[PDB]
Amino acid sequence: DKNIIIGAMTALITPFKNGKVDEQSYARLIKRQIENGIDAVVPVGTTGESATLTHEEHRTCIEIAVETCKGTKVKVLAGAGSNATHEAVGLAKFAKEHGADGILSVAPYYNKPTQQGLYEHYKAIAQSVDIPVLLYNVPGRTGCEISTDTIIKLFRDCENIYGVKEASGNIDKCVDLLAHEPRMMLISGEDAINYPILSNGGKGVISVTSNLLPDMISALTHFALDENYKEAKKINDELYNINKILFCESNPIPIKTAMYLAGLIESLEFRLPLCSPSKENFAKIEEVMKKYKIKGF
Amino acid sequence: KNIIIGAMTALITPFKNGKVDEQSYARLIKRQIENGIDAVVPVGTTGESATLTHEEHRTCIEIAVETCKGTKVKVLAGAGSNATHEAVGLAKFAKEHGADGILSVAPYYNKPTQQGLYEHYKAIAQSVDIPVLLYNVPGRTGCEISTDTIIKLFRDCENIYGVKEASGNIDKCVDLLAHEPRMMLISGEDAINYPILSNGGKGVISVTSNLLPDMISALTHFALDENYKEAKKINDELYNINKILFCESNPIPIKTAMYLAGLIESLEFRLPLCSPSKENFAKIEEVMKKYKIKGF
Amino acid sequence: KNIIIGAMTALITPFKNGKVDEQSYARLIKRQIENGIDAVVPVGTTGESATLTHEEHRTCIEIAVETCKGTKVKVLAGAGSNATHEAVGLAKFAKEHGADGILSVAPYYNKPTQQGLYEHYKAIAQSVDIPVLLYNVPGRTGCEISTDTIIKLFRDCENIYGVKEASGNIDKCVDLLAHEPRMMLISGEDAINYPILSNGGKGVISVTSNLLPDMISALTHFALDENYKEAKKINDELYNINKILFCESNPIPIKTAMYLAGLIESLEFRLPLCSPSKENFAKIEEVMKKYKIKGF
Amino acid sequence: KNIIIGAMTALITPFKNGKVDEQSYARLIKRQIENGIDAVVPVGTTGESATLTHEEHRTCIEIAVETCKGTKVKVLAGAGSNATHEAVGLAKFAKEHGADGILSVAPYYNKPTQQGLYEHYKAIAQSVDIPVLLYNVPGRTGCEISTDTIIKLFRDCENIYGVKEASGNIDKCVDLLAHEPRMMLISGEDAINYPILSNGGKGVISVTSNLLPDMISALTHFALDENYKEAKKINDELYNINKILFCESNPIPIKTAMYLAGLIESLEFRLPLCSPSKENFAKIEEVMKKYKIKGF
Ligand SMILES: [Mg+2]
Ligand SMILES: [Mg+2]
């Protein structure tokens with residue numbers, strides 16, 4: 001009987017212009033997502049360079065997301081994690097206070113908590129707010145893995161925790177998850193394997209590619225949720241080349257490059273330690289892009 | 001292309017007093033046939049191919065071919081080697097013993113390059129006129145057949161029709177079928193049978209089906225009939241046993257399970273394989289309690 | 001280049017009632033000074049830098065700086081972040097607080113490219129005029145500072161004088177010192193302190209030294225004098241404790257050990273870090289009985 | 001225990017017209033002897049053991065044994081298998097041909113358990129009365145001989161005297177020699193020859209010494225004499241070639257290098273091994289130019 005946020009979702013890039021958050025660009029990109037069938041937007045996740053934004057920039061992009069999605073069906077699943085439990089709790093309350101429909105909370109990075117620590121970490125977050133909480137497992141970035149058992153325990157013990165965004169290249173784990181707890185919302189955080197995760201009972205994606213091709217990712221997800229597996233697989237197969245090229249360098253360097261190449265943002269700006277891609281990868285992204293039809297504003 | 005697909009079983013090789021129990025072997029193959037299996041794989045990894053003599057190799061292929069006569073069930077004989085000259089000989093020998101096709105594992109230990117793997121399989125494919133299925137299991141061989149190499153071999157050689165993937169890498173299975181949708185992707189990883197079938201895979205070469213042939217058969221055929229809800233339901237249902245059968249290196253758990261179920265008479269391996277630990281014995285037994293194990 | 005080398009300790013940060021036990025911190029540092037340690041590292045990974053406020057970062061740097069005045073012991077302050085603008089600020093801040101140098105961990109989580117890491121560390125190095133030691137620990141950060149990037153930063157930037165390696169990769173430590181023998185390679189992995197020192201490493205930033213500073217100090221200085229025999233013998237003796245201190249994620253075992261001794265009064269962590277399991281707890285307690293633990 | 005240690009070479013096996021070039025094999029061996037090598041390893045991994053017939057196996061051991069008679073140089077014959085019965089046969093086979101000891105690789109592909117590895121090697125060790133060196137190369141075999149199993153085999157079996165480690169794991173080499181300092185740890189990884197020797201290792205089984213036997217010999221001897229400064233410098237000098245010799249799977253680069261230097265007449269392999277890419281060919285040739293290569 002849990003409240004959930006599922007479907008086609010986009011981990012929004014955060015455009016910079018002259019080192020500032022391009023707030024009008026942010027709103028325009030979100031409207032573009034809404035107009036192409038996206039079900040929810042994820043402000044200031046990994047793809048939004050959450051690590052290099054200030055807390056005010058944090059609030060500004062959640063507020064823009066919440067405003068722009070008002071009066072539409074599109075929900076706002078705000079990035080609000082940290083590797084310090086006390087800060088993650090504050091960011092959760094902060095996100096709720098700004099009107100987010102739920103929070104995406106990344107597993108603590110760098111300090112490698114144990115499974116017991118991860119349980120108490122997320123339990124403290126879940127008890128702090130009364131909006132849905134989606135776990136976020138990306139061990140290649142955090143250095144830790146939320147075990148299947150820990151995810152299931154958190155799902156069963158805490159009311160707001162309703163699923164997990166898996167970015168782990170481990171379809172075995174997604175079988176494990178849904179075989180032992182079929183009530184949870186398994187969310188793909190790995191564009192290349194969107195369809196295999198959905199076809200096994202996953203209920204959504206939090207996509208990088210959808211920044212560039214929101215119509216294609218949304219269509220894929222809705223095909224799969226409607227059990228039209230043949231058409232969902234067909235879009236997944238078509239998207240493989242771009243899905244992979246968007247990680248030739250660390251996300252979000254390629255996707256922001258692609259967004260700039262398509263004319264969707266005004267300046268290829270990052271905040272250090274992130275930076276422009278290599279010129280060979282610049283050309284690689286530009287070539288893979290030309291084979292896809294990119295909607296405008 | 002001529003193909004061999006569907007639900008397939010990597011047959012264990014039972015031993016009695018250190019020798020191949022040929023009657024048990026035939027009885028086990030008949031059990032597979034009667035539970036809906038589409039093909040059997042003699043002397044694969046699960047069949048302890050490494051420790052059988054060539055002569056035992058022939059004996060197990062012949063029993064498989066003889067036991068499948070008068071049925072639709074094909075024999076996809078294990079016939080690989082990390083020496084190309086030997087792999088060619090095993091392919092030709094498998095064909096001469098009546099196999100319908102060969103499963104040919106990527107060279108283990110000596111780590112050929114992608115160029116070497118191409119020439120290896122091309123020499124095998126040109127040696128026979130029966131279907132050849134590639135077999136990628138990097139955790140055992142120390143090498144990986146890249147997507148590009150698999151696709152090139154599929155396109156350049158008439159007998160090569162697909163690959164048995166045992167790599168825990170669903171991304172690669174998207175890669176394979178997205179760029180070459182005509183190939184037969186075969187799952188060599190029981191736990192992810194359904195995700196591979198759901199992405200367009202056309203069969204399984206199963207370990208679990210030694211113990212639960214009816215469930216693996218039903219899973220595969222549901223998926224091939226695009227009844228994905230029913231295939232997933234068996235896959236989720238099989239997860240516990242699918243994993244426990246790898247608590248020690250295959251085929252140590254599956255032979256242990258077969259012995260616990262009374263399907264083979266003696267828990268015998270050939271060294272360097274051996275009985276499992278007493279705790280893993282108990283674990284296999286416990287996981288087994290939740291499943292319905294067909295007899296003979 | 002100005003350098004900070006020798007036997008160094010990544011200081012734990014004791015908590016009492018959820019606050020930094022300031023008295024305890026100073027007393028622990030004094031214990032380190034009195035047992036031959038050459039530098040202390042406040043608020044590194046072992047110091048739970050991730051869960052301390054900027055206020056608390058300052059407090060432990062200030063305590064470290066004041067406690068080492070009038071001694072030969074240097075303060076190499078932890079001052080890294082995965083945001084370059086913040087890493088520059090923390091570097092400047094550490095400087096103003098009287099730190100002798102900074103340890104700056106590779107950006108975690110956001111996985112910068114080698115180009116990004118170069119610009120990141122170049123911005124830090126140009127922000128201060130005190131030595132900067134790079135810190136590569138890919139198991140925690142998700143990224144690796146390549147040998148090429150480390151060498152470029154060492155050669156291009158004045159203050160960058162070496163790297164604290166915690167990567168379990170002795171090949172990389174050969175690579176580093178073979179192509180740039182002027183850099184200070186620092187072991188960030190206690191179990192392999194001696195192999196790194198014997199290949200030209202010039203110090204350690206130790207976890208074990210929290211509990212056994214005299215033994216790590218002796219190991220390092222034996223090695224720096226090319227008394228390899230004595231350095232290896234201490235390294236071999238410490239292997240058991242060096243490993244058990246990572247049965248769970250550092251600093252959970254070392255803080256447990258410090259509590260099991262008489263050195264901190266409360267086994268407190270800041271979530272998501274927490275007390276170890278009970279079996280690891282007895283496990284740390286059993287191994288400790290083998291070593292002689294200095295008091296205050 | 002009887003031991004075979006010092007500077008040792010994993011001999012390449014030259015082929016000419018698809019056959020073992022027996023006169024070249026002998027010329028190369030003599031070359032090794034004349035440049036200070038202490039033992040030669042016929043038909044190991046670098047000798048393409050996987051693609052030689054058993055008669056060619058016998059031929060290359062016999063040539064090694066005959067060429068080393070009347071010298072100090074020992075012959076440590078490759079004689080491993082992933083089937084214990086065959087590995088036992090190959091061990092007895094090597095002893096009857098006059099080998100001084102055997103190198104026996106851990107079973108590849110079929111991934112035996114630690115218990116299985118113990119029984120595998122115990123059967124081999126009890127089969128012969130000549131020294132047995134274990135060989136751990138998990139990147140190629142798919143398995144790993146644990147420290148505990150290595151130590152158990154060393155303590156339980158008289159002729160098992162050490163291990164040739166090719167695992168890029170200096171922590172394990174500390175673990176091994178800290179808990180069992182009497183065993184002979186042998187480097188199977190040229191780039192980290194010095195770190196392994198400096199920790200108490202007593203020899204190397206080298207790929208690089210095929211091309212530069214004098215340099216590997218001096219390195220090893222300097223180290224055995226505790227002249228670590230001279231051993232480390234040679235190790236640092238050799239790093240580039242040590243790494244480039246694995247741009248592609250060994251022995252593809254070393255045979256390419258041997259051919260480029262004129263030490264072998266034909267760049268021939270047995271499939272699935274083959275010529276390197278022309279990019280990597282050029283790279284091997286460039287790296288070579290910095291080293292002084294001895295002739296015959
Ligand atoms: Mg730091
Ligand atoms: Mg650490």
# chains A, B, ... in the order shown; residues from 1 in each chain; ligands from 1
>>> interface_residues(of="chain B", to="chain A", cutoff="8 Å", atoms="only C-alpha atoms", output="CSV table (one decimal) with N, CA, C and O atoms, in the first residue's frame")
chain,number,residue,atom,x,y,z
B,168,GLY,N,27.4,-13.3,-17.0
B,168,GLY,CA,26.8,-12.4,-16.1
B,168,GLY,C,26.7,-11.0,-16.6
B,168,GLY,O,26.9,-10.0,-15.8
B,169,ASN,N,26.4,-10.8,-17.9
B,169,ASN,CA,26.6,-9.5,-18.6
B,169,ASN,C,25.4,-9.3,-19.5
B,169,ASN,O,25.5,-9.6,-20.7
B,170,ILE,N,24.3,-8.8,-19.0
B,170,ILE,CA,23.1,-8.6,-19.9
B,170,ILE,C,23.3,-7.5,-20.8
B,170,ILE,O,22.7,-7.5,-21.9
B,171,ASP,N,24.2,-6.5,-20.5
B,171,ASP,CA,24.6,-5.5,-21.5
B,171,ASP,C,25.1,-6.1,-22.7
B,171,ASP,O,24.8,-5.7,-23.8
B,174,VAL,N,22.4,-7.5,-24.9
B,174,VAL,CA,21.7,-6.4,-25.7
B,174,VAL,C,22.6,-6.1,-26.9
B,174,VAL,O,22.2,-6.1,-28.0
B,175,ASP,N,23.9,-5.8,-26.6
B,175,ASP,CA,24.9,-5.5,-27.6
B,175,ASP,C,24.8,-6.6,-28.8
B,175,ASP,O,24.8,-6.2,-30.0
B,177,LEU,N,22.5,-8.9,-29.7
B,177,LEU,CA,21.2,-9.0,-30.5
B,177,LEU,C,20.8,-7.7,-31.1
B,177,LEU,O,20.0,-7.7,-32.0
B,178,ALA,N,21.3,-6.6,-30.6
B,178,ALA,CA,21.0,-5.3,-31.2
B,178,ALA,C,21.7,-5.1,-32.5
B,178,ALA,O,21.2,-4.5,-33.4
B,179,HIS,N,22.9,-5.6,-32.6
B,179,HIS,CA,23.7,-5.5,-33.8
B,179,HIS,C,23.6,-6.7,-34.7
B,179,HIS,O,23.9,-6.6,-35.9
B,191,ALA,N,20.3,-18.6,-13.6
B,191,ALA,CA,19.6,-17.6,-12.8
B,191,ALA,C,19.1,-16.5,-13.7
B,191,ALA,O,18.0,-15.9,-13.3
B,192,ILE,N,19.7,-16.2,-14.8
B,192,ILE,CA,19.2,-15.1,-15.7
B,192,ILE,C,18.7,-15.7,-17.0
B,192,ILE,O,18.8,-15.0,-18.0
B,194,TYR,N,15.6,-16.2,-17.9
B,194,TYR,CA,14.4,-15.4,-18.4
B,194,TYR,C,14.9,-14.1,-18.9
B,194,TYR,O,14.5,-13.7,-20.1
B,195,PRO,N,15.7,-13.3,-18.3
B,195,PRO,CA,16.2,-12.0,-18.9
B,195,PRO,C,16.8,-12.2,-20.2
B,195,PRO,O,16.6,-11.4,-21.1
B,196,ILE,N,17.6,-13.3,-20.4
B,196,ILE,CA,18.2,-13.5,-21.7
B,196,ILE,C,17.2,-13.9,-22.7
B,196,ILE,O,17.2,-13.4,-23.9
B,198,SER,N,14.0,-13.2,-22.6
B,198,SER,CA,13.1,-12.0,-22.8
B,198,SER,C,13.7,-11.0,-23.7
B,198,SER,O,13.0,-10.2,-24.3
B,199,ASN,N,15.0,-11.0,-23.9
B,199,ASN,CA,15.7,-10.1,-24.8
B,199,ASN,C,15.9,-10.6,-26.2
B,199,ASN,O,16.6,-10.0,-27.1
B,232,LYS,N,8.8,-15.8,-16.4
B,232,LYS,CA,9.4,-15.1,-15.3
B,232,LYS,C,9.0,-15.8,-14.0
B,232,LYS,O,9.8,-15.8,-13.0
B,236,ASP,N,11.9,-16.8,-11.3
B,236,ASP,CA,12.0,-16.3,-10.0
B,236,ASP,C,11.9,-17.4,-9.0
B,236,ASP,O,12.6,-17.4,-7.9
B,237,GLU,N,11.1,-18.4,-9.3
B,237,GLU,CA,10.8,-19.6,-8.5
B,237,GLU,C,12.1,-20.5,-8.4
B,237,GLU,O,12.4,-21.0,-7.4
B,239,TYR,N,15.2,-19.2,-8.6
B,239,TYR,CA,16.4,-18.4,-8.3
B,239,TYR,C,17.2,-19.1,-7.2
B,239,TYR,O,18.5,-19.2,-7.3
>>> residues_near_ligand(ligand="ligand 2", cutoff="8 Å", atoms="only C-alpha atoms and all ligand atoms", output="number ranges by chain")
C: 45-46, 137, 140, 166, 188-189, 207, 249-251
>>> write_last_selection(atoms="N, CA and C atoms", output="mmCIF file, in the first residue's frame")
data_model
loop_
_atom_site.group_PDB
_atom_site.id
_atom_site.type_symbol
_atom_site.label_atom_id
_atom_site.label_comp_id
_atom_site.auth_asym_id
_atom_site.auth_seq_id
_atom_site.Cartn_x
_atom_site.Cartn_y
_atom_site.Cartn_z
ATOM 1 N N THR C 45 40.591 9.902 5.851
ATOM 2 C CA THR C 45 39.557 8.872 5.785
ATOM 3 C C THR C 45 39.366 8.198 7.139
ATOM 4 N N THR C 46 40.470 7.842 7.799
ATOM 5 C CA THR C 46 40.393 7.210 9.110
ATOM 6 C C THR C 46 39.802 8.143 10.163
ATOM 7 N N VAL C 137 42.793 6.266 -3.820
ATOM 8 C CA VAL C 137 42.183 5.110 -3.166
ATOM 9 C C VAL C 137 40.946 4.716 -3.972
ATOM 10 N N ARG C 140 37.493 3.392 -2.764
ATOM 11 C CA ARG C 140 36.616 4.270 -2.046
ATOM 12 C C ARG C 140 36.058 5.373 -2.905
ATOM 13 N N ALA C 166 46.709 3.770 -1.922
ATOM 14 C CA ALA C 166 45.898 2.744 -1.272
ATOM 15 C C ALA C 166 45.143 1.992 -2.370
ATOM 16 N N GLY C 188 49.576 3.872 1.729
ATOM 17 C CA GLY C 188 48.314 4.043 2.420
ATOM 18 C C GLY C 188 47.658 2.706 2.696
ATOM 19 N N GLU C 189 48.477 1.658 2.792
ATOM 20 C CA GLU C 189 47.999 0.279 2.898
ATOM 21 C C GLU C 189 48.960 -0.472 3.816
ATOM 22 N N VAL C 207 46.975 3.309 9.266
ATOM 23 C CA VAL C 207 45.853 3.048 10.164
ATOM 24 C C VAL C 207 46.317 2.329 11.424
ATOM 25 N N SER C 249 34.823 -1.950 7.275
ATOM 26 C CA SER C 249 35.372 -0.759 6.640
ATOM 27 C C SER C 249 36.086 0.127 7.651
ATOM 28 N N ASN C 250 37.328 0.474 7.332
ATOM 29 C CA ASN C 250 38.070 1.441 8.122
ATOM 30 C C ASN C 250 37.291 2.754 8.175
ATOM 31 N N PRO C 251 37.201 3.410 9.345
ATOM 32 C CA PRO C 251 37.843 3.124 10.632
ATOM 33 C C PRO C 251 37.033 2.344 11.676
#
>>> select_by_dssp(residues="range 111-236 of chain B", states="strand (DSSP E or B)", output="PyMOL selection string")
chain B and resi 132-136+160-165+184-187+203-206
>>> residues_near_ligand(ligand="ligand 1", cutoff="10 Å", atoms="only C-alpha atoms and all ligand atoms", output="list in words")
residues 41, 42, 43, 44, 45, 49, 50, 76, 77, 78, 79, 80, 81, 82, 87, 90, 91, 102, 103, 104, 105, 106, 107, 133, 134, 135 and 136 of chain C
>>> select_by_dssp(residues="range 62-274 of chain C", states="helix (DSSP H, G or I)", output="MDAnalysis selection string")
chainID C and resid 62:67 84:96 114:127 138:141 147:156 170:179 190:198 208:210 213:224 228:244 252:260
>>> write_last_selection(atoms="C-alpha atoms", output="compact mmCIF listing (two decimals), in the first residue's frame")
# COMPACT_ATOMS: atom_id res chain seq x y z
CA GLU C 62 43.98 23.34 15.17
CA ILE C 63 44.44 20.77 17.96
CA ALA C 64 46.91 18.86 15.77
CA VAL C 65 48.85 22.02 14.90
CA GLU C 66 49.04 23.20 18.52
CA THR C 67 49.99 19.79 19.92
CA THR C 84 37.21 21.53 -6.80
CA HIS C 85 35.95 24.87 -5.47
CA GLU C 86 35.49 23.30 -2.03
CA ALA C 87 38.81 21.43 -2.20
CA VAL C 88 40.55 24.74 -2.90
CA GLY C 89 38.78 26.33 0.06
CA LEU C 90 39.70 23.50 2.42
CA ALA C 91 43.32 23.67 1.27
CA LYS C 92 43.46 27.41 1.93
CA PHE C 93 41.77 26.84 5.22
CA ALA C 94 44.15 24.15 6.32
CA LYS C 95 47.03 26.45 5.49
CA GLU C 96 45.65 29.34 7.48
CA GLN C 114 42.31 12.21 -15.96
CA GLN C 115 42.05 15.67 -17.52
CA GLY C 116 39.61 16.66 -14.78
CA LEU C 117 41.83 15.27 -12.03
CA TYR C 118 44.79 17.25 -13.39
CA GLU C 119 42.87 20.54 -13.39
CA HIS C 120 41.40 19.68 -9.98
CA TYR C 121 44.78 19.15 -8.32
CA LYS C 122 46.45 21.95 -10.28
CA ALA C 123 43.85 24.37 -8.89
CA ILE C 124 44.50 23.10 -5.35
CA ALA C 125 48.29 23.28 -5.67
CA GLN C 126 48.18 26.84 -7.00
CA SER C 127 45.90 27.90 -4.11
CA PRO C 138 40.00 3.80 -6.02
CA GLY C 139 38.13 1.34 -3.87
CA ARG C 140 36.62 4.27 -2.05
CA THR C 141 36.41 6.97 -4.65
CA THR C 147 50.57 7.07 -13.04
CA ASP C 148 50.74 9.54 -15.94
CA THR C 149 48.48 12.05 -14.18
CA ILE C 150 50.40 11.72 -10.89
CA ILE C 151 53.73 12.28 -12.65
CA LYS C 152 52.40 15.24 -14.66
CA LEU C 153 51.07 16.88 -11.50
CA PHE C 154 54.36 16.24 -9.68
CA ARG C 155 56.34 17.77 -12.55
CA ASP C 156 53.98 20.66 -13.39
CA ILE C 170 52.69 -2.90 -6.38
CA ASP C 171 53.04 -2.82 -10.17
CA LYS C 172 51.81 0.78 -10.11
CA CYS C 173 54.33 1.65 -7.39
CA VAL C 174 57.12 0.28 -9.57
CA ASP C 175 55.70 2.22 -12.53
CA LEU C 176 55.53 5.44 -10.49
CA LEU C 177 59.06 5.39 -9.07
CA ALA C 178 60.67 3.95 -12.22
CA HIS C 179 59.57 6.91 -14.35
CA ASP C 190 49.50 -1.05 6.13
CA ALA C 191 49.86 -4.71 5.11
CA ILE C 192 52.21 -3.77 2.25
CA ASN C 193 54.08 -0.96 4.02
CA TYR C 194 57.44 -2.71 3.65
CA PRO C 195 57.21 -3.68 -0.07
CA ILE C 196 56.37 -0.06 -0.89
CA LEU C 197 59.17 1.31 1.30
CA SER C 198 61.70 -1.20 -0.06
CA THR C 208 47.61 0.47 12.35
CA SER C 209 49.82 3.24 13.77
CA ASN C 210 46.81 4.49 15.75
CA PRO C 213 52.68 3.71 16.62
CA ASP C 214 56.07 2.48 17.88
CA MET C 215 56.00 -0.59 15.62
CA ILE C 216 55.01 1.35 12.49
CA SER C 217 57.53 4.08 13.34
CA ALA C 218 60.29 1.48 13.78
CA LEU C 219 59.27 -0.31 10.56
CA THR C 220 59.40 2.92 8.55
CA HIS C 221 62.75 4.12 9.89
CA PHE C 222 64.38 0.69 9.62
CA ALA C 223 63.28 0.70 5.98
CA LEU C 224 64.42 4.28 5.32
CA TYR C 228 65.29 -4.25 5.24
CA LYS C 229 65.60 -7.27 7.41
CA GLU C 230 64.25 -5.47 10.46
CA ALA C 231 61.63 -3.57 8.46
CA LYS C 232 60.33 -6.77 6.83
CA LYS C 233 60.26 -8.57 10.18
CA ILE C 234 57.96 -5.95 11.71
CA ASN C 235 55.86 -5.90 8.53
CA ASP C 236 55.47 -9.69 8.72
CA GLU C 237 54.59 -9.54 12.42
CA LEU C 238 51.97 -6.85 11.79
CA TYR C 239 50.24 -8.67 8.90
CA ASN C 240 47.59 -10.29 11.10
CA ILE C 241 46.59 -7.01 12.77
CA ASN C 242 47.01 -5.07 9.50
CA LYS C 243 44.38 -7.30 7.87
CA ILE C 244 41.97 -7.67 10.82
CA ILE C 252 35.30 0.74 12.26
CA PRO C 253 37.92 -1.88 13.32
CA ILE C 254 40.67 0.55 14.37
CA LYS C 255 38.26 2.57 16.52
CA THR C 256 37.01 -0.71 18.00
CA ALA C 257 40.62 -1.71 18.74
CA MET C 258 41.40 1.69 20.28
CA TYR C 259 38.35 1.20 22.52
CA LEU C 260 39.34 -2.38 23.37
>>> residues_around(residues="residue 295 in chain A", least_positions_apart="6", cutoff="10 Å", atoms="only C-alpha atoms", output="list in words")
residues 32, 33, 35, 36, 212, 213, 214, 215, 216, 262 and 264 of chain A
>>> residues_around(residues="residue 183 in chain A", least_positions_apart="2", cutoff="12 Å", atoms="only C-alpha atoms", output="list in words")
residues 1, 2, 3, 4, 152, 155, 156, 161, 162, 163, 164, 177, 178, 179, 180, 181, 185, 186, 201, 202 and 203 of chain A
>>> write_last_selection(atoms="N, CA and C atoms", output="compact mmCIF listing (two decimals), in the first residue's frame")
# COMPACT_ATOMS: atom_id res chain seq x y z
N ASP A 1 0.83 -1.20 0.00
CA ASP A 1 0.00 0.00 0.00
C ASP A 1 0.87 1.26 0.00
N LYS A 2 2.07 1.14 -0.55
CA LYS A 2 3.04 2.23 -0.53
C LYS A 2 2.74 3.26 -1.61
N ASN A 3 3.03 4.52 -1.29
CA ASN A 3 3.04 5.57 -2.30
C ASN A 3 4.33 5.48 -3.10
N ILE A 4 4.21 5.58 -4.42
CA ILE A 4 5.32 5.30 -5.33
C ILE A 4 5.43 6.40 -6.37
N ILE A 152 15.64 -5.16 0.73
CA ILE A 152 14.36 -5.77 1.06
C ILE A 152 13.96 -5.45 2.49
N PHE A 155 12.78 -1.91 2.49
CA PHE A 155 11.46 -1.87 1.88
C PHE A 155 10.39 -2.33 2.86
N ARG A 156 10.66 -3.39 3.61
CA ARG A 156 9.65 -3.95 4.51
C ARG A 156 9.52 -3.18 5.81
N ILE A 161 10.10 3.90 1.90
CA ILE A 161 11.06 3.28 1.01
C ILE A 161 10.29 2.28 0.15
N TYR A 162 10.21 2.56 -1.15
CA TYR A 162 9.36 1.81 -2.05
C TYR A 162 10.11 1.12 -3.19
N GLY A 163 11.43 1.27 -3.27
CA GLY A 163 12.17 0.59 -4.31
C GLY A 163 13.61 1.08 -4.38
N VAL A 164 14.26 0.73 -5.49
CA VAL A 164 15.67 1.04 -5.70
C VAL A 164 16.00 1.34 -7.16
N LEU A 177 16.28 -9.43 -6.52
CA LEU A 177 15.43 -8.44 -5.85
C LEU A 177 13.95 -8.76 -6.04
N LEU A 178 13.51 -8.89 -7.29
CA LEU A 178 12.09 -9.04 -7.56
C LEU A 178 11.58 -10.45 -7.31
N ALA A 179 12.46 -11.45 -7.26
CA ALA A 179 12.02 -12.79 -6.92
C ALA A 179 11.68 -12.91 -5.43
N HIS A 180 12.44 -12.22 -4.58
CA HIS A 180 12.21 -12.31 -3.14
C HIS A 180 11.32 -11.19 -2.61
N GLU A 181 11.17 -10.10 -3.35
CA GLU A 181 10.28 -9.00 -2.97
C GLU A 181 9.65 -8.42 -4.22
N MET A 185 9.51 -1.42 -6.26
CA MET A 185 9.66 -0.76 -7.55
C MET A 185 11.14 -0.76 -7.90
N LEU A 186 11.55 -1.68 -8.76
CA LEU A 186 12.91 -1.70 -9.27
C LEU A 186 13.00 -0.73 -10.44
N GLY A 201 10.08 -7.07 -14.63
CA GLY A 201 9.18 -6.52 -13.63
C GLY A 201 9.58 -5.18 -13.08
N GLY A 202 10.71 -4.62 -13.51
CA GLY A 202 11.02 -3.24 -13.17
C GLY A 202 9.92 -2.30 -13.63
N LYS A 203 9.75 -1.21 -12.88
CA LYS A 203 8.61 -0.33 -13.09
C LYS A 203 8.99 1.07 -13.54
>>> atom_distance(atom1="CA of residue 261 in chain C", atom2="CA of residue 71 in chain C")
26.4 Å
>>> atom_distance(atom1="CA of residue 39 in chain D", atom2="CA of residue 267 in chain D")
24.9 Å
>>> residues_around(residues="residue 31 in chain C", least_positions_apart="4", cutoff="7 Å", atoms="only C-alpha atoms", output="ChimeraX atom specification")
/C:27,35,296
>>> write_last_selection(atoms="N, CA, C and O atoms", output="mmCIF file, in the first residue's frame")
data_model
loop_
_atom_site.group_PDB
_atom_site.id
_atom_site.type_symbol
_atom_site.label_atom_id
_atom_site.label_comp_id
_atom_site.auth_asym_id
_atom_site.auth_seq_id
_atom_site.Cartn_x
_atom_site.Cartn_y
_atom_site.Cartn_z
ATOM 1 N N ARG C 27 45.359 14.132 23.443
ATOM 2 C CA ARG C 27 46.112 13.092 24.135
ATOM 3 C C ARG C 27 46.575 12.006 23.169
ATOM 4 O O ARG C 27 47.690 11.486 23.295
ATOM 5 N N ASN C 35 55.842 8.249 20.380
ATOM 6 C CA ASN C 35 56.200 6.917 19.912
ATOM 7 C C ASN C 35 56.875 6.938 18.545
ATOM 8 O O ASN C 35 56.862 5.928 17.836
ATOM 9 N N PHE C 296 49.385 5.694 27.369
ATOM 10 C CA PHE C 296 49.614 7.131 27.274
ATOM 11 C C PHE C 296 50.870 7.528 28.040
ATOM 12 O O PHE C 296 51.578 6.671 28.564
#
>>> residues_around(residues="range 132-137 of chain A", least_positions_apart="5", cutoff="8 Å", atoms="only C-alpha atoms", output="list in words")
residues 3, 4, 5, 101, 102, 103, 104, 105, 106, 107, 126, 145, 146, 151, 160, 161, 162, 163, 164, 165, 166, 167 and 168 of chain A
>>> residues_around(residues="range 278-283 of chain A", least_positions_apart="2", cutoff="9 Å", atoms="only C-alpha atoms", output="compact mmCIF listing (two decimals) with C-alpha atoms, in the first residue's frame")
# COMPACT_ATOMS: atom_id res chain seq x y z
CA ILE A 245 28.49 6.49 -26.26
CA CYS A 248 32.58 6.98 -23.23
CA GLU A 249 33.53 9.45 -20.49
CA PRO A 254 28.93 13.07 -22.73
CA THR A 257 28.17 17.54 -24.65
CA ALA A 258 25.36 15.99 -26.69
CA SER A 276 34.94 19.01 -21.47
CA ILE A 285 29.41 11.64 -29.42
CA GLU A 286 28.67 13.91 -32.37
CA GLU A 287 28.74 11.03 -34.80
CA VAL A 288 26.53 8.67 -32.80
CA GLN C 115 42.05 15.67 -17.52
